[PDB]
Amino acid sequence: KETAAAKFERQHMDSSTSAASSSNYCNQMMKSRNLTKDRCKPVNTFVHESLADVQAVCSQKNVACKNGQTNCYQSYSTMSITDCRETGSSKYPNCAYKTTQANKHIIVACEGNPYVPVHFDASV
Ligand SMILES: Nc1ccn([C@@H]2O[C@H](CO)[C@@H](OP(=O)(O)O)[C@H]2O)c(=O)n1
Ligand SMILES: Nc1ccn([C@@H]2O[C@H](CO)[C@@H](OP(=O)(O)O)[C@H]2O)c(=O)n1
Ligand SMILES: [Cl-]
Ligand SMILES: [Cl-]
Ligand SMILES: [Cl-]
Ligand SMILES: [Cl-]
Ligand SMILES: [Cl-]
Ligand code: NA
Ligand code: NA
């Protein structure tokens with residue numbers, strides 16, 4: 001029973017490194033954030049910025065979300081991110097991920113009081 005904000009933190013924050021440094025980053029991180037317990041989660045983005053910087057996006061550029069909701073926000077600046085996406089060789093329980101490191105703007109959906117990120121919509 002995890003709050004939406006806490007789930008976003010676990011799935012999407014990696015403030016301890018500046019960037020992925022190896023092809024095995026996603027395999028490691030998907031496992032240790034408990035994203036491969038029951039199934040291999042197919043796609044998951046990690047953000048290599050402070051939690052404060054990611055939370056601050058909720059006051060930045062208001063944009064539509066993919067699903068048409070209007071509580072999404074696009075970061076004014078690019079951020080260091082890693083996209084983790086399952087390869088064709090991936091088969092639970094032996095999940096396998098491609099690591100793609102990039103510097104891009106993030107789009108998050110925000111909710112609550114405090115008004116914080118609860119969904120990762122996209123990177124641009
Ligand atoms: N893959 C994961 C890992 C944790 N969690 C949530 O985070 C909680 C653990 O802090 C989980 O509670 P359960 O252990 O009751 O499933 C679950 O609510 C999740 O929903 N999916
Ligand atoms: N670019 C993307 C697209 C999807 N996703 C993940 O895949 C899920 C469903 O598409 C998303 O749910 P949340 O936005 O609730 O975190 C997110 O965890 C991602 O992390 N990065
Ligand atoms: Cl930090
Ligand atoms: Cl912080
Ligand atoms: Cl804010
Ligand atoms: Cl505007
Ligand atoms: Cl922009
Ligand atoms: Na773990
Ligand atoms: Na931080």
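Read the numbers this way: they start at 1 and go in the same order the structure lists the ligands and their atoms. Residue numbers start at 1 and run along the sequence shown.
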> Got a donor-acceptor contact below 3.5 angstrom from the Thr99 side chain to the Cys26 backbone?
yes
> Got the closest protein heavy atom to atom 15 (O) of ligand 2, with its distance?
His119 ND1, 2.7 Å
> Hey, does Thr45 come in under 3.5 Å of ligand 2, counting only N/O atoms on both sides?
yes
> Minimum heavy-atom separation for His12 to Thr45, with atom names?
ND1-O, 2.7 Å
> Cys pair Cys58/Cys110: SG distance under 2.5 Å?
yes
> Are any side-chain N or O atoms of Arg10 and backbone N or O atoms of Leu35, one a donor and one an acceptor, separated by less than 3.5 Å?
no
> Side chains of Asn44 and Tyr97: any donor to acceptor distance under 3.5 Å?
no
> Could you grab the distance from atom NE2 of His48 to atom CG of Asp14, nearest 0.5 Å is fine?
5.5 Å
> Starting from atom 11 (C) of ligand 2, locate the nearest protein heavy atom and write down its residue, its atom name and how far away it is, to 0.1 Å.
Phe120 O, 4.3 Å
> Indicate yes or no for a side-chain donor-acceptor contact from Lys31 to the backbone of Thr36 under 3.5 Å, with no hydrogens or angles considered.
no
> For atom 20 (O) of ligand 2, is some protein heavy-atom partner under 4.0 Å away?
yes
> With nothing but distance in play, are any N or O atoms of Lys41 less than 3.5 Å from an N or O of ligand 2?
yes
> For atom 7 (O) of ligand 2, what's the nearest protein heavy-atom neighbour? Residue, atom name and distance, please.
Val43 O, 3.5 Å
> Mind checking whether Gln11 contacts ligand 2 via backbone (N, CA, C, O), side chain (CB onward), both or neither, at a 4.0 Å heavy-atom cut-off?
side chain
> Give yes or no for whether the N/O distance cutoff of 3.5 Å, strictly under, is met between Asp83 and ligand 2.
no
> Would atom 2 (C) of ligand 2 count as contacted, meaning some protein heavy atom under 4.0 Å?
yes
> Select one of side chain, backbone, both or neither to describe which atoms of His12 lie under 4.0 Å from any atom of ligand 2, heavy atoms only.
side chain
